[PDB]
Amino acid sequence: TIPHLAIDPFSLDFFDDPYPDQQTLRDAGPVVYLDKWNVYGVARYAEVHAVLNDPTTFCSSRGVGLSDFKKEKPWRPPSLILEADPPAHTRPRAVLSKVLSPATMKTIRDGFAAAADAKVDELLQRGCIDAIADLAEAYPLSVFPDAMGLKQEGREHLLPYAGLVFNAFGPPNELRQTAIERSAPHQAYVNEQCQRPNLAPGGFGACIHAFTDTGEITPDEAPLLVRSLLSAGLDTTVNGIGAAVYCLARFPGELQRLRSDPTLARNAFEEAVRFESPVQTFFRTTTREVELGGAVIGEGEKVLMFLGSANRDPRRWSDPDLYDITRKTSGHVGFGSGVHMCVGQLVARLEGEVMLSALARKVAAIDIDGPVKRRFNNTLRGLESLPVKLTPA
């Protein structure tokens, strides 16, 4: 009843151009089996959405990568939020919701916006820049590590570490094995910085530690939650912003509309998140035999959710392969959905918004003017290099 496919969604050939394979995956059926990795797969919006919102059946505590924590040792101590199910999940999540709260963004918006503006003005002086290294990477590094309350020394370990985490959700392919075989320095740096003495008061980390007082988390839980932010909070935004600049680079009409109404800044980023889906895929593990899309999946089975595919499903979206900054993007799963839906989404959207706002106000044109290079990661989709010429407004 279930189609078996030999598509490797973690192959380089797939990353280079996933969309035809994603159509094949959608059109093959509501549930596919990927013989390559002995996992179930879901590529349509409906089923991906269904799986995300059924955490009691499709659990996270056996890992949200290919590896089953019930079968193998996790490569690092499990995340107390990402790789946990309710109820253990519930209370750490609340802490992160409050640390990264509506109230908190107020405290950082002026600086994040100022940092975005200064960067765009800086890049306009050079004229020809790499929209990755000089913008997508430089800007988040200039605000987010500080917002964490991180010291200056050692931050070069941050992106490599994030690169690793997202590779480690993947299968035991060369990317993962290669990523993990060189994690010691990154782990040591990040893990050391999660300790309270190393985190500046006022920053997200110290704020996380401050919450041990409420009974919501113990002191020994705080560093891993600090660790979560240092895992998820930087490289994602890099690829989201990079995605957004690339989209604006490829859809000049939409750049022009953005220029004509900078208050479209927040949704053009949101649309970019849908359109590129910086986080491409996650797994769940079935806790029981279960019917999904008329397909019966056994207990203890891995189910691969194609978030990017769900976000390009024509069953749900009109003209999905088109970037439209006034689209109603609500319901996209680029940030997930349900109890694990991105707890850092406000930081990401703030960063993206104020940068796209700066671009909208300061830049007249963005033209690709060099070889474009894709960055390969088992979970993250984004570019290694995007040479562009910025024309000032």
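Just count from 1 along the sequence shown to find any residue number. Throughout, rigid core stands for the largest set of C-alpha atoms superposing within 1.5 Å between the two forms.
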Fit on the core, then compare CA atoms: does 271-279 or 209-217 lie farther from this form in 5 other deposited structures of this protein? 209-217
Quick check on the record: does 255-263 or 288-296 carry the larger mean Cα temperature factor? 288-296
Mean Cα B-factor comparison, 236-244 or 122-130, giving the higher one as deposited: 122-130
Per the entry, which of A310, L135, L304, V99 tops the list for Cα B factor? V99
Of the choices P160, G170, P77, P314, which one's C-alpha carries the largest B-factor in the record? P77
Ranking every modelled residue in this chain by its Cα temperature factor as given in the entry, which third contains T56? middle
For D321, does the deposited CA B-factor place it in the lowest, middle or highest third of the chain? middle
Taking the values exactly as deposited, rank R250 by C-alpha B-factor within its chain and report the matching third: lowest, middle or highest. middle
Quick one: classify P92 as lowest, middle or highest third of the chain based on its Cα B-factor. highest
Should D117 be placed in the lowest, middle or highest third of its chain by the C-alpha B factor in the entry? highest
